[PDB]
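Trainee: One file: start_19.cif (mmCIF, C-alpha atoms).
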```
data_start
#
loop_
_atom_site.group_PDB
_atom_site.id
_atom_site.type_symbol
_atom_site.label_atom_id
_atom_site.label_comp_id
_atom_site.auth_asym_id
_atom_site.auth_seq_id
_atom_site.Cartn_x
_atom_site.Cartn_y
_atom_site.Cartn_z
ATOM 1 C CA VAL A 148 -63.064 -26.008 16.931
ATOM 2 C CA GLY A 149 -64.457 -23.274 14.659
ATOM 3 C CA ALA A 150 -64.061 -19.535 14.230
ATOM 4 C CA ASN A 151 -67.597 -18.577 15.323
ATOM 5 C CA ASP A 152 -69.426 -18.448 18.647
ATOM 6 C CA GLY A 153 -70.694 -21.597 20.322
ATOM 7 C CA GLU A 154 -68.796 -23.809 17.869
ATOM 8 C CA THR A 155 -67.210 -26.230 20.318
ATOM 9 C CA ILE A 156 -66.690 -29.915 21.090
ATOM 10 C CA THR A 157 -67.188 -31.231 24.624
ATOM 11 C CA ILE A 158 -65.038 -33.841 26.379
ATOM 12 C CA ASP A 159 -66.689 -35.413 29.416
ATOM 13 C CA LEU A 160 -64.511 -36.480 32.344
ATOM 14 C CA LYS A 161 -65.280 -38.874 35.181
ATOM 15 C CA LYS A 162 -64.177 -39.002 38.805
ATOM 16 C CA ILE A 163 -62.458 -42.395 38.993
ATOM 17 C CA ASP A 164 -61.140 -43.688 42.318
ATOM 18 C CA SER A 165 -62.047 -46.294 44.913
ATOM 19 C CA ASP A 166 -65.176 -44.396 45.958
ATOM 20 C CA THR A 167 -66.807 -44.346 42.514
ATOM 21 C CA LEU A 168 -65.969 -48.015 41.842
ATOM 22 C CA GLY A 169 -66.929 -49.384 45.248
ATOM 23 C CA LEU A 170 -64.217 -51.739 46.453
ATOM 24 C CA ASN A 171 -63.858 -49.624 49.610
ATOM 25 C CA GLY A 172 -63.845 -52.445 52.131
ATOM 26 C CA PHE A 173 -62.644 -55.152 49.755
ATOM 27 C CA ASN A 174 -61.865 -57.216 52.833
ATOM 28 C CA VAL A 175 -60.662 -60.453 51.234
ATOM 29 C CA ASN A 176 -59.299 -61.644 54.589
ATOM 30 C CA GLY A 177 -62.165 -60.060 56.541
ATOM 31 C CA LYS A 178 -60.372 -57.132 58.223
ATOM 32 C CA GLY A 179 -61.082 -53.576 57.135
ATOM 33 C CA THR A 180 -62.912 -50.311 57.716
ATOM 34 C CA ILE A 181 -66.288 -48.909 56.687
ATOM 35 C CA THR A 182 -66.243 -45.252 57.813
ATOM 36 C CA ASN A 183 -69.876 -45.786 58.675
ATOM 37 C CA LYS A 184 -71.866 -42.525 58.415
ATOM 38 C CA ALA A 185 -72.620 -39.108 59.920
ATOM 39 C CA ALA A 186 -75.709 -38.802 62.113
ATOM 40 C CA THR A 187 -78.658 -36.464 61.556
ATOM 41 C CA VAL A 188 -81.717 -35.111 63.351
ATOM 42 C CA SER A 189 -83.892 -37.840 61.832
ATOM 43 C CA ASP A 190 -81.496 -40.445 63.231
ATOM 44 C CA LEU A 191 -81.645 -38.783 66.652
ATOM 45 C CA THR A 192 -85.452 -38.758 66.596
ATOM 46 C CA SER A 193 -85.516 -42.423 65.561
ATOM 47 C CA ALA A 194 -83.135 -43.247 68.416
ATOM 48 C CA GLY A 195 -85.543 -41.394 70.708
ATOM 49 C CA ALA B 99 -58.606 -17.814 24.547
ATOM 50 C CA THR B 100 -62.157 -19.161 24.307
ATOM 51 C CA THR B 101 -60.991 -22.797 24.440
ATOM 52 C CA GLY B 102 -61.534 -24.587 27.736
ATOM 53 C CA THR B 103 -58.050 -26.098 27.916
ATOM 54 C CA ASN B 104 -56.441 -22.788 28.909
ATOM 55 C CA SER B 105 -55.900 -22.146 32.608
ATOM 56 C CA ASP B 106 -56.360 -18.955 34.633
ATOM 57 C CA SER B 107 -52.784 -17.739 34.139
ATOM 58 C CA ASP B 108 -53.015 -18.340 30.389
ATOM 59 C CA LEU B 109 -56.285 -16.412 30.208
ATOM 60 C CA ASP B 110 -54.712 -13.579 32.207
ATOM 61 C CA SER B 111 -51.764 -13.352 29.812
ATOM 62 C CA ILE B 112 -54.018 -13.415 26.747
ATOM 63 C CA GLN B 113 -56.237 -10.696 28.195
ATOM 64 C CA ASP B 114 -53.150 -8.623 29.004
ATOM 65 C CA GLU B 115 -52.159 -8.778 25.339
ATOM 66 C CA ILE B 116 -55.736 -7.923 24.321
ATOM 67 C CA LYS B 117 -55.789 -4.907 26.639
ATOM 68 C CA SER B 118 -52.461 -3.706 25.259
ATOM 69 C CA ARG B 119 -53.735 -3.860 21.686
ATOM 70 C CA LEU B 120 -56.987 -2.101 22.618
ATOM 71 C CA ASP B 121 -54.849 0.625 24.177
ATOM 72 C CA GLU B 122 -52.956 0.838 20.884
ATOM 73 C CA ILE B 123 -56.224 1.257 18.980
ATOM 74 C CA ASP B 124 -57.259 4.086 21.297
ATOM 75 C CA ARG B 125 -53.823 5.722 21.093
ATOM 76 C CA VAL B 126 -53.722 5.650 17.289
ATOM 77 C CA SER B 127 -57.234 7.090 17.141
ATOM 78 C CA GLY B 128 -56.349 9.884 19.549
ATOM 79 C CA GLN B 129 -52.974 10.811 18.080
ATOM 80 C CA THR B 130 -53.613 10.545 14.330
ATOM 81 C CA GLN B 131 -53.535 14.122 13.077
ATOM 82 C CA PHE B 132 -53.498 16.042 9.792
ATOM 83 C CA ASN B 133 -52.614 19.755 9.802
ATOM 84 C CA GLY B 134 -53.667 20.104 13.427
ATOM 85 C CA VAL B 135 -57.008 18.342 12.870
ATOM 86 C CA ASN B 136 -57.803 15.047 14.597
ATOM 87 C CA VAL B 137 -59.420 13.139 11.744
ATOM 88 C CA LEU B 138 -60.451 10.073 13.761
ATOM 89 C CA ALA B 139 -61.424 11.855 17.001
ATOM 90 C CA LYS B 140 -64.453 13.747 15.645
ATOM 91 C CA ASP B 141 -67.769 12.748 14.067
ATOM 92 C CA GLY B 142 -67.996 15.807 11.811
ATOM 93 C CA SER B 143 -67.564 16.589 8.146
ATOM 94 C CA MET B 144 -65.133 18.431 5.899
ATOM 95 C CA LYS B 145 -65.954 20.662 2.938
ATOM 96 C CA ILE B 146 -63.692 20.917 -0.108
ATOM 97 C CA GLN B 147 -64.067 23.705 -2.659
#
```
Would you mind writing the file out in structure tokens?
Mentor:
Amino acid sequence: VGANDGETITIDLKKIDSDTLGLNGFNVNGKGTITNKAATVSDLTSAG
Amino acid sequence: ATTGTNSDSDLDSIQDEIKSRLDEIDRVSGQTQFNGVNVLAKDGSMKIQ
């Protein structure tokens, strides 16, 4: 915005989609998906 | 060029123009000549009687 160094204005942007607003399994009628999770070593140890 | 709206291709074009003009500065400095003396290519001094 100016003629010298560091003289700027910042515009922030946001990632907007289903994921960042929730609503993933809106499921009004009760049929949908969850895409549950990915396992880890802690999960394996807990499972035994 | 310093604005963040420009993309990579735009920055490349602007830097191409910048490089061309820097080359012009160097060329003018090298080729400017008076009576066989490169005035802008030396850091010396001239004496006039």
Trainee: Could you list the residues in chain B lying within 12 Å of chain A, using all atoms listed in the file, and format the result as a PyMOL selection string?
Mentor: chain B and resi 99-103
Trainee: Take every atom of range 153-157 of chain A listed in the file, fit an axis-aligned box around them, add 3 Å per side, and give the centre and edge lengths in Å to one decimal as AutoDock Vina command-line options.
Mentor:
```
--center_x -68.7 --center_y -26.4 --center_z 21.2 --size_x 10.0 --size_y 15.6 --size_z 12.8
```
Trainee: Expand the PyMOL selection byres ((chain B and resi 112-126) around 12) into the individual residues it matches in the shown file, reporting them as a list in words.
Mentor: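 Checked against the file, the PyMOL selection byres ((chain B and resi 112-126) around 12) matches residues 99, 100, 101, 104, 105, 106, 107, 108, 109, 110, 111, 127, 128, 129, 130, 131, 136, 137, 138 and 139 of chain B.
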Trainee: Which distance in Å separates CA of residue 181 in chain A and CA of residue 164 in chain A, to one decimal?
Mentor: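 Rounded to one decimal, the two atoms are 16.1 Å apart.
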Trainee: Please, what distance in Å, to one decimal, runs between CA of residue 183 in chain A and CA of residue 171 in chain A?
Mentor: 11.5 Å
Trainee: Between CA of residue 161 in chain A and CA of residue 184 in chain A, what is the distance, to one decimal in Å?
Mentor: 24.4 Å
